Number of protein chains: 2
Amino acid sequence: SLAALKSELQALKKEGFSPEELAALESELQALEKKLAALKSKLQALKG
Amino acid sequence: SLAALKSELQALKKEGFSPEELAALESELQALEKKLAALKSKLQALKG
């Protein structure tokens, strides 16, 4: 789930795992959270 | 959440809500699921 992968990334960060690469993955993950918010808004627009 | 939206989109599809507009949202959500899977895969590749 987005929440699950988010936690997993946070757990690996606490271990200093591949910092630069993990930073890229975190930003990609947040992009999906933003995309999800966008879709929710598009759906609200459709209801309206 | 992604699960909450996914569920709602499926229910609106059973309800016949704005079909083409909803179908586009359904596919975008699937695209987000696929991106989420790709991130999990990229993470696993990093661990190798």
Side-chain angles (χ1 to χ4, degrees):
Chain A
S1 69
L2 300 167
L5 171 66
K6 182 168 175 175
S7 295
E8 167 159 24
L9 291 179
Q10 285 169 331
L12 285 160
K13 276 206 301 199
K14 297 177 56 195
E15 296 171 27
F17 178 70
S18 191
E20 298 74 16
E21 293 275 7
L22 233 67
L25 296 181
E26 282 196 326
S27 287
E28 294 279 344
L29 182 55
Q30 292 157 13
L32 303 181
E33 291 156 13
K34 300 293 185 179
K35 176 59 186 197
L36 165 66
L39 295 176
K40 286 174 49 164
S41 292
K42 285 167 221 187
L43 177 56
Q44 285 315 94
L46 298 185
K47 295 182 195 170
Chain B
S1 58
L2 174 64
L5 179 59
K6 174 173 194 185
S7 298
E8 165 159 25
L9 288 187
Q10 289 184 10
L12 289 175
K13 191 172 192 182
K14 293 153 60 171
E15 296 286 304
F17 184 83
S18 183
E20 294 298 358
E21 286 285 10
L22 193 73
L25 301 183
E26 178 182 15
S27 296
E28 296 255 54
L29 182 140
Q30 286 176 354
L32 197 172
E33 293 179 308
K34 293 299 181 176
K35 259 260 55 190
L36 173 59
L39 295 181
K40 293 179 50 75
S41 290
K42 180 65 198 191
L43 178 55
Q44 177 69 13
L46 281 182
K47 291 178 192 182

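Each chain gets a letter, A, B and so on, in the order its sequence line appears, and its residues count up from 1. Quick note: numbers below take in every heavy atom, side chains included, and nothing from hydrogens, waters or symmetry partners.
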**Study point:** Pairing residues for A:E28 by the salt bridge (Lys or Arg N to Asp or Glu O under 4.0 Å) criterion, not counting sequence neighbours
**Key:** B:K35
Check your understanding: Can you name the nearest heavy-atom pair linking A:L36 to B:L5, along with the distance?
Key -> CD1-CD2, 3.7 Å
Check your understanding: Got a sec, which pairs hit salt bridge (charged side-chain N to carboxylate O under 4.0 Å, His left out) with one end in residues 16-25 of chain B, sequence neighbours left out?
Key -> none
Practice item. Could you tell me which residues satisfy salt bridge (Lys or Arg N to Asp or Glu O under 4.0 Å) with A:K40, sequence neighbours excluded, listed by chain and number? Key: none
Check your understanding: Rounded to the nearest 0.5 Å, how far does OG of B:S7 lie from CG of B:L12?
Key -> 11.0 Å
Point to revise | Qualifying residues under side chain to side chain contact (heavy atoms under 4.5 Å, CB included), relative to B:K13, sequence neighbours excluded | key: B:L22, B:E26
Review point. What pairs with B:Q10 under side chain to side chain contact (heavy atoms under 4.5 Å, CB included), at least two apart in sequence or on another chain?
Key: B:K6
Check your understanding: If you measure from CD on B:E33 to CG on A:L2, what distance do you get to the nearest 0.5 Å?
Key -> 9.5 Å
Practice item. Walk me through it: do B:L25 and A:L46 pass the test side-chain contact (heavy atoms from CB on, under 4.5 Å)? Key: CA-CA 10 Å; B:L25 301 183; A:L46 298 185; 3.8 Å; yes
Practice item. Name all residues meeting the side chain to side chain contact (heavy atoms under 4.5 Å, CB included) criterion together with B:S1; count only those two or more places apart in sequence or in a different chain, and write none if there are none. Key: B:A3, B:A4
Exercise for review: For A:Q44, check side chain to side chain donor-acceptor pair (under 3.5 Å) against everything at least two apart and list the hits.
Suggested key: A:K47
Check your understanding: Excluding sequence neighbours, so at least two apart, what forms side chain to side chain contact (heavy atoms under 4.5 Å, CB included) with A:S27?
Key -> A:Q30
Practice item. Evaluate the criterion side-chain contact (heavy atoms from CB on, under 4.5 Å) for residue pair A:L32 and B:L39; output intermediate values, then yes/no. Key: CA-CA 10 Å; A:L32 303 181; B:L39 295 181; 3.7 Å; yes
